[PDB]
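Here the structure is laid out as structure tokens; the discussion comes afterwards.
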Amino acid sequence: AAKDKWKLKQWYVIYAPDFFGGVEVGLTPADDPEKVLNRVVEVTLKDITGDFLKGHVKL
RNA sequence: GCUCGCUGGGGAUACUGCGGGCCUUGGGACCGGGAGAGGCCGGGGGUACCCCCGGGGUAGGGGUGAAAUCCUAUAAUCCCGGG
Ligand SMILES: [Mg+2]
């Protein structure tokens, strides 16, 4: 019955804000699309633009 | 010699006292560029902790040398968004 509830979830793709390039940053599961609002994701500046100097900046 | 105590006169001016004059070293006043968790009043913040509401998840959490009381199917511990 529990695994039945897990099958109801779909995956959504998360994009960076517009002025950072709007690139893909990850995926998240949810059954109702309204529940995805106000979720927060943390990424490093190196992932956005590749350079091993700014790996300690978190957005 | 003792009753070391009193009293009439004369002399001296180093020290203490008293009166006058003149100083700046002790102390105080003022000006300059700086130092400091010294005090009082107003404003703005930092993490942390406790309670409440909403979403996920399901059987333990907590605590001791070892345990038990205690919290938890009215959904806890743990994770996320708010007050
Ligand atoms: Mg809940």
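Basis for what follows: all heavy atoms, side chains included, without hydrogens, waters or symmetry-related copies. So that the names make sense, note that chain A is the first sequence line, chain B the second, and so on, each numbered from 1.
- A positive value of the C1'-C2'-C3'-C4' torsion places the sugar of B:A48 in the north (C3'-endo) family.
- With P as the reference atom, B:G26 and B:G5 are 46 Å apart, rounded to whole Å.
- Across B:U16 and B:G1, the matching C1' atoms stand 34 Å from one another, rounded to whole Å.
- Spacing between atom CD of A:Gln10 and atom P of B:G56 amounts to 16 Å, rounded to whole angstrom units.
- Adjacent nucleotides B:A67 and B:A68 have six-membered base rings whose centres lie under 5.5 Å apart with planes inclined under 30°, meeting the stacking criterion.
- Taking atom P in both B:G83 and B:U47, one finds a spacing of 15 Å when rounded to whole Å.
- The nearest whole Å value for the distance from the CD atom in A:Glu42 to the P atom in B:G81 is 11 Å.
- Here, B:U72 and B:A48 have their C1' atoms 26 Å apart, quoted to the whole Å.
- Across the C1' atoms, B:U58 and B:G46 are found 37 Å apart, a figure rounded to whole Å.
- A negative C1'-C2'-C3'-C4' angle places the sugar of B:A75 in the south (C2'-endo) family.
- Judged by distance alone, with hydrogens and angles left aside, the side-chain atoms of A:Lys7 form a donor-acceptor pair with the main-chain N or O of A:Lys3 at under 3.5 Å.
- When both pairing distances are held under 3.5 Å, B:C70 makes a Watson-Crick or G-U pair with B:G61.
- Protein atom CZ of A:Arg39 is 17 Å distant from nucleotide atom P of B:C79, rounded to whole Å.
- Distance from the side chain of A:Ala2 is smallest for B:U58 among the nucleotides B:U58, B:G81, B:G56.
- To the nearest 0.5 Å, atoms NZ (A:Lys46) and NZ (A:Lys58) are separated by 14.0 Å.
- A positive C1'-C2'-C3'-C4' torsion places the sugar of B:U72 in the north, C3'-endo-side range.
- Distance A:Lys9 NZ to B:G56 P: 7 Å, rounded to the nearest Å.
- In this structure, A:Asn38 places its CG atom 15 Å from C1' of B:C53, rounding to the nearest Å.
- Judged on ring centres (limit 5.5 Å) and ring planes (limit 30°), B:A76 and B:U77 form a stacked step.
- When the P atom is compared between B:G62 and B:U69, the two are found 16 Å apart, to the nearest whole Å.
- Here B:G82 presents its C1' atom at 14 Å from CG of A:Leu37, a figure rounded to the nearest Å.
- Separation of the P atoms belonging to B:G81 and B:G61 is 25 Å when rounded to the nearest angstrom.
- Residue A:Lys35 places no side-chain N or O under 4.0 Å from the OP1 or OP2 atom of B:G81.
- The furanose ring of B:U47 falls on the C3'-endo (north) side of the pseudorotation cycle, as its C1'-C2'-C3'-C4' torsion is above zero.
- If you take CG of A:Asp32 and P of B:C80, they are 22 Å apart, rounded to a whole angstrom.
- Bases of consecutive nucleotides B:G36 and B:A37 are unstacked, their six-membered rings not being centred less than 5.5 Å apart at a plane angle below 30°.
- Taking the P atoms as reference points, B:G44 lies 47 Å from B:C70, given to the whole Å.
- Here B:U24 has a south sugar; its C1'-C2'-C3'-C4' angle has a minus sign.
- To the nearest angstrom, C1' of B:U58 lies 16 Å from CH2 of A:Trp6.
- A:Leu27 and A:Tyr15 fall within the same hydrophobic cluster, where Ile, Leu, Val, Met, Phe, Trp and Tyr residues are linked whenever their side-chain heavy atoms come under 4.5 Å apart, directly or through other members.
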